[PDB]
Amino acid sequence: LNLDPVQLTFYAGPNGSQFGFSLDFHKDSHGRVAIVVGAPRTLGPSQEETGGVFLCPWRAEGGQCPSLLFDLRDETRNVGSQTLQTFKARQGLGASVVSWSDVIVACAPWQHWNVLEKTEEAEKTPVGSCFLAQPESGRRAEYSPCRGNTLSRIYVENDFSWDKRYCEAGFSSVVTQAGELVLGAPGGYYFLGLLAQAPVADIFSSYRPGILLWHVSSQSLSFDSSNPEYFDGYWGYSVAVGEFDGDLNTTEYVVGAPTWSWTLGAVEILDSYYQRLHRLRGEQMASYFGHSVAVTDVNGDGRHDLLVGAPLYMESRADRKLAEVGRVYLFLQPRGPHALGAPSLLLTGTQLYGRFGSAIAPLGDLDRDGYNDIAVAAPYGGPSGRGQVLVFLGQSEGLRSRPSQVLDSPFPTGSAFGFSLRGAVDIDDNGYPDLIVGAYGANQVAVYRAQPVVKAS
């Protein structure tokens, strides 16, 4: 409602770097807010795409940002009569970024890995890797839970059980308030998808450079399955955390699996031991239900609510015709131990091929009325197809079904404006939570500052 679309702030990265593909707010040890931006096609030392991360200090005028440097060199370790190899070419560093406390986690989901042993090998595959930084101290750590040292023959003999070779760890990421990093790995267990969790503190204290294959004992990975409903489900394409079991000592996981059960799609809520508490099934095959997930209490009852995006949902129209527009689903959490019912609200896009619901950002309480609000991105929506972000205000019954405000992309065609969103942080310290919108196709990020309400809705 009260985001200012007149005076924006623009940050920009190098051309072709996909700056803005992922972003997050970052607070330093003094509570000063900055913006961390992933640029997954930033050039590296060998003039080859490797990805990069930028840490943007808040400035009303925006501009260029300093790099957050990570080791971009391929590594080789000859140990235990084996050769361990990391491959960082086209790894997509910055394809996801997240901030927790004074730590930044930037992941390279397509970093490759191989183990050589005489004439045999593990196979050069995208296990993924995440890079951890404490910018103020310069500390660096890595986390790559799907690296193994098993040879190809063994996986074949065992019918590819517990095959983590194609995890793409860090595809999606989130950090619990207690500091547990939770990585989505949609390619884990031969494209079933897995989750990898470990405390940030333990990642740092157990990492040393050059080891390549080390133990993080407090880590916890999800489980394999023989059930074909999970095959090629990309469980972990998106991840989120929240409180859904009423016990405040446990943290619950929200996992998106947009191709679950032959592309029907699903979203699952789990406890920290990966036991399934709820499953929300998609409504329409290939709609990519679970592409994006969001957790926030929208109706002010203290209980977290779930939002699910299905950006390829095809809406039914006259004369038995379908129109791909995208859809968002709202599930209000019921009082006490009960199942999430049918959706409380359906939000459906209007622009053909707009992909409404590709990203969903909690905004906090934007208009300061007592109910939390959300922003939904249609990265190719709007009457011009340039991209659009729509704000929906919370209310006692859930959300308003019509948007209170629409942000039209200030960028040219193809910018994918909205593909990444983050809100609920006051970056200029004016008392209102603000919104950052990435447009990786234009290699830019737009900052929308919230201002006092003109008059309320």
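The first residue of the sequence shown is number 1, and the count goes up from there.
K.L.:
Which is higher on average in the deposited entry, the C-alpha temperature factors of 310-318 or of 382-390?
P.N.:
Mean B over CA atoms: larger for 310-318.
K.L.:
If you take the mean CA temperature factor per stretch, which one wins between 331-339 and 243-251?
P.N.:
Taking the mean C-alpha B-factor of 243-251 and of 331-339, the larger value falls to 331-339.
K.L.:
Out of 367, 268, 120, 168, which residue has the highest Cα temperature factor in the PDB record?
P.N.:
That would be 120, according to the entry.
K.L.:
So if I compare the CA B-factors in the entry for 361, 201, 347, 93, which one is the largest?
P.N.:
Of 361, 201, 347, 93, 201 has the highest C-alpha B-factor.
K.L.:
Which third, lowest, middle or highest, does the CA B-factor of residue 453 fall in along this chain?
P.N.:
Highest third of the chain for residue 453's C-alpha B-factor.
K.L.:
Please place residue 65 in the lowest, middle or highest third of its chain by C-alpha B factor as given in the entry.
P.N.:
According to the entry, residue 65 has a C-alpha B-factor in the chain's highest third.
K.L.:
Looking at the entry's B-factor column for C-alpha atoms only, identify whether residue 430 ranks in the lowest, middle or highest third of its chain.
P.N.:
Its C-alpha B-factor belongs to the middle third of this chain's values.
K.L.:
Ranking the modelled residues of this chain by C-alpha B-factor as given in the entry, is residue 113 in the lowest, middle or highest third?
P.N.:
For residue 113, whose C-alpha B-factor we compare with every modelled residue in the chain, the answer is the highest third.
K.L.:
Can you tell me whether residue 209 has a C-alpha B-factor in the lowest, middle or highest third compared with the other modelled residues of the same chain?
P.N.:
Its C-alpha B-factor belongs to the highest third of this chain's values.
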